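Shown below, as structure tokens, is a lone chain in the form deposited in one PDB entry; questions about how it binds or moves come after it.
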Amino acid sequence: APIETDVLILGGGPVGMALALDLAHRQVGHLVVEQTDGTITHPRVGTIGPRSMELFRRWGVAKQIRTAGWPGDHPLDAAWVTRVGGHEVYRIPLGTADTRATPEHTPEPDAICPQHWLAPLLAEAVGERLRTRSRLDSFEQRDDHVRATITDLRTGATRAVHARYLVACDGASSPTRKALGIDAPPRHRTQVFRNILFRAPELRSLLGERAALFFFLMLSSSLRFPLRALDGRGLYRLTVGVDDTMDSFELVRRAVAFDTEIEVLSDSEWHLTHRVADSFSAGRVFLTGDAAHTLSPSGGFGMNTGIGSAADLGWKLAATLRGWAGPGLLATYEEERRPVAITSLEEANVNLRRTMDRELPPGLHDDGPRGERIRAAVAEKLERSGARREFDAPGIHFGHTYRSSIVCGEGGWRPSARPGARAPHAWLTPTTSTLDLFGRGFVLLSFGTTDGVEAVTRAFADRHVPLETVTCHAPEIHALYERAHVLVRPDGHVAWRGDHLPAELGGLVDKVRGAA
């Protein structure tokens, strides 16, 4: 018989899963179908965003990700070398998990957690709602729901799923997207690389102090990319460029000066694409993650961008499914994220270019200081190239200010409380971040007077819009937020702020919930 759920999530990837996690906290009926059995062959994601960690903090799986296995003492450095274990050109020291100065504008510093340890962790949090070895064969929208056919690759049986909404997180090649006939045109030249995943039990030990998280190699046209430590325990990945031939083990050898054990596990080829979808949805069917926006892996914004996009669609679907959301709300999913996707895409392309552009002087490898200062050349050249930005982008992670139909709009990135932005972090208790008050429904922070808040309470009450009022008394945070009254949304972003509440409250409410 037909399995009927509120939200059918097509795809078990990080984004599709993040969505499930959010929906879970919002008590939304959902089910996730993943064709593969659920395990990672070639781990792609390695770095989890500070903002993605704040969300996981809410969804209660952050502690886990942090302690999933990345060596607390493993360096987080990014070094530029002629050959891993050869002539070092430049290095950005970034301490270690257990050693770096705690963040400040956030309670969750970025974490390292290779996808194969991540996938499991999430699978657990999602629990029973995840259907592995289940493939979506087709779907068809009805007047008020979507019907899909899923094959149980495992028992051979094919059942139907009747969901009220279909969120497609099927990845970059997103068949769903093609089906709906939505195009995701290239915004930058599509490139090709080969990712070689290999084990090397003695490499970190041979490296010693020289150990590092990323090794950007400066050896050739195809071998001028990073070789990164996936689990800081022997697993590495040397990404190499292509031009229409070499041997896997050969390439790794080319890259590693040491003559140590080297076991090649994979040599999967991939395409670097910079493409966002013309539209983010079509009726009761939506796109999320790479399916909606896939950009360059440089600086690792991909999943994180989708996780945010995940969180956005998250509450909005819940609002609609509950009935308090205005009919225009779901539409604002594209209105707000598509732009983010694009600014994130570009910032990535920037990182990419910083490498594609950087040239390699012919006398870079040559030993002996008679052609060694040739390195001190490109050395500062990089310093100047502003390359550390590829590892420090609070702007891309915490920045993004929505400027849309449901927002009462007003150098380096800094925390703001201005409408459309992510309410900034600040400790209410050495154990409680302002960030922790948000996530469920709407929230109204009042730093001074509690005058007129009752009116606001009633206002929301009428339209059945969930609202919570917290009366804060910290002058320090009052300053951070600036205005006396700040209305944060379920997604954690400010929708309105002012020293005086509006007169036509009803109007307000109907605006922020996509009713106006």
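Residues carry their position along the shown sequence, with the first being 1. Definition used throughout: the rigid core is the maximal C-alpha set that superposes within 1.5 Å between two forms.
Keep in mind that the form deposited in another entry is not shown, yet the notes after this line are about it.
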Taking only shifts of 2 Å or more in Cα after a rigid core superposition between the shown form and the other one, tell me which of 73, 152, 436, 372 qualifies. 372
After the core is matched up, is the C-alpha of residue 363 off by 2 Å or more between the shown form and the other one? yes
With both forms fitted on the core, give yes or no for whether the Cα of residue 220 moves by 2 angstroms or more between the shown form and the other one. yes
After fitting the core, residue 342 CA displacement of 2 Å or more between the shown form and the other one: yes
